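Under the authors' numbering, think of the first position of the sequence shown as 1065, with each following residue one higher. Virtual Cβ for every residue (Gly too), placed ideally from N, Cα, C. Reading through the structure tokens given below for one structure.
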Amino acid sequence: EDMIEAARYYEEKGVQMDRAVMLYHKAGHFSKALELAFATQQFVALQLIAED
């Protein structure tokens, strides 16, 4: 439950929002992370989300 709010805070800042995507992926809530990874063009994040 924690890194969900951590990623929300990072997106609120919007500077480390890639790290917010990383945290969202770590939370298992790939539905929120996949859209952001596609938008940011992070194929590493996309592959990590798809495998996990």
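Assuming residue i and residue j are in contact, meaning their beta carbons sit under 8 Å apart, how far apart are those beta carbons, in whole angstroms?
i, j, result
"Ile1068", "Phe1094", "Contact doesn't hold; Cβ gap of about 12 Å is too wide."
"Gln1105", "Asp1082", "Not quite, the Cβ-Cβ distance comes to about 10 Å (not below 8 Å), so this is no contact."
"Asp1116", "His1089", "7 Å"
Can the beta-carbon of residue i be found less than 7 Å from the beta-carbon of residue j?
i, j, result
"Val1079", "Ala1109", "no"
"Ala1103", "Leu1087", "no"
With 16 as the cutoff for other CB atoms within 10 Å, does residue i come out buried or exposed?
i, result
"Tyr1074", "buried"
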